[PDB]
């Protein structure tokens, strides 16, 4: 049921504070399927383009510097409403406003170090996925539990 996808990245602090496994586990246990996984050092050009809608924000320059200061984990997840639900799972932009149970709510404190980010919408998702992944990187397969996750 629905092969909608979404882009999710584990920021540098998430990697530094050893939360990669915990984060990946949350999507797996949820029932979403992993299609892309990459550990890299995103270039500013890549970052600037990814965060184009915020190019004019006072903190923009800081966001790019930070996201570029260390390696990240780029990921792509598939599932019904994965974009909207993914957002719920990460929690509000500001950790202070993220509810316990969400990724940001349980593991971080400051907005400038909120360990993870994702896609805001479907359109944005496809656009972002293409920006980070080459079509030959999105592995396709069927989950042995697909029939128990979807009717």
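Numbering follows the first chain given and starts at 1.
In this entry, 61-69 shows the higher mean Cα temperature factor of the pair 61-69 and 107-115.
Note on 137-145 vs 10-18: mean CA B-factor is higher in 137-145. Per the deposited coordinates, the residue with the largest Cα temperature factor out of 29, 102, 93, 41 is 41. The deposited CA B-factor of residue 85 belongs to the middle third of values across its chain.
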